[PDB]
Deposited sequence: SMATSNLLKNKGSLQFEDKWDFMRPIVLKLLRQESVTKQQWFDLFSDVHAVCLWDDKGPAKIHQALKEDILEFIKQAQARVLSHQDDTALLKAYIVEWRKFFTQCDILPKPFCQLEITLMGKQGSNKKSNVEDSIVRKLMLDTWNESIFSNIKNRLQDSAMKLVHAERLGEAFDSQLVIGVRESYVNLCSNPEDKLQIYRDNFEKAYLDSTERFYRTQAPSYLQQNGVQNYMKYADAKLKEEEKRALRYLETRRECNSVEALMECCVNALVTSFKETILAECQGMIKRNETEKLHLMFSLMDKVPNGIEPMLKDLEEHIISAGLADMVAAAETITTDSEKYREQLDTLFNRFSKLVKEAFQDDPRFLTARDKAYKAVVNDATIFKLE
């Protein structure tokens, strides 16, 4: 009474699939499945070298089934839900299926680092992930592209896709290696592409001081949207890699147009508007250097004629020849409070320009 892998596989292979498909399994089938592997990985010569390849082939055949069931929907929404159902089941089988092969994994040589699970998590990456990866993102982004426009959706669809890019990376050195190059990369491109044809239009439609209330409000809405769809669990600077994309796409890409209005806001004393510009050009590298320069030159030329009317009139009354500059300085020492809250960079130019009136 003997037995080989050829005689016993046809009794095992059902139990593999029942576990791969997350189908219910009986207690006796668990023990039969250990007891078959105990028998093949011993009495069979190339037995362990056959459960190894048979199990590659059968895992791969299931993951090809799952890909067809996901790609069965044409609704870019029910297709996201279908991918996560099959994966969440899958990921949850990676903790179960590698157990009846405890002797295989020894005969071929605990916890996560097993050969079977590594075979399961890989084959999902070799196959269904690698093939659907670009569709997975060209669908999830449309649900946020739509979220930016009114369409309320199930925000767990793009979250579930996110935390599925986190769990499939088996790299211990870079855990976010297939999230930082796939999910994060598409969310930056779509956010970028979105504000190249939606934000240049708010500048054609409405004015500039209107666009500043817009770029502002869109850095606030793209941030609380990133603190949902992006990674916050383990620190990665992804949400902040988005705001750099956004600043560049909202504020940096229109700095000259914003800084052109600087000079007149000073003259007309528009402090609520200079504070808004400040809020925007302060997220830009060296963005307020022209701003500083517009308050440094205006202070000068103002205190360059609002002082010439003295040598032709008040020259012997320093009690008046010094007070105009007690008020002049006050015109600018109070613009900075109301507008820049006495930021130390604008005091340096408030002073760099007032030394020239001396």
Stretches with no C-alpha atoms in the model, relative to the deposited sequence starting at 1: 1-11, 121-129, 379-387
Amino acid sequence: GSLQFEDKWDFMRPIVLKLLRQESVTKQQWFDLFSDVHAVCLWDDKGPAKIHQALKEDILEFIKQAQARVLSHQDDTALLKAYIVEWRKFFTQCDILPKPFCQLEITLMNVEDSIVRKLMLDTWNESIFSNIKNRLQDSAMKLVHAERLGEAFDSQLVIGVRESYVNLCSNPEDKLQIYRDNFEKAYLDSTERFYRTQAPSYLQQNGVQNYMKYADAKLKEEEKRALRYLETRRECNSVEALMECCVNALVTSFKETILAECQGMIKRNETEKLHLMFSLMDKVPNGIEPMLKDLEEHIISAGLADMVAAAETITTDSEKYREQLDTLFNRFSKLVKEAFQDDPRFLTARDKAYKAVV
From here on, numbers count along this sequence of modelled residues.
Residue range whose averaged C-alpha B-factor is higher in the record, 119-127 or 261-269: 119-127
Stretch with the greater mean C-alpha B-factor as recorded in the entry, comparing 280-288 against 210-218: 280-288
Out of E151, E86, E184, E223, residue topping the C-alpha B-factor column of the entry: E151
Residue selected from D44, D294, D32, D58 by maximal Cα B factor: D44
Assigned third (lowest, middle, highest) for the C-alpha B factor of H145: middle
Assigned third (lowest, middle, highest) for the C-alpha B factor of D113: highest
Position of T92 among the chain's modelled residues by C-alpha B-factor, lowest, middle or highest third: lowest
Entry-reported Cα temperature factor of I300, expressed as the chain third it lands in: middle
CA B-factor placement of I63, once the chain's modelled residues are sorted into thirds: lowest
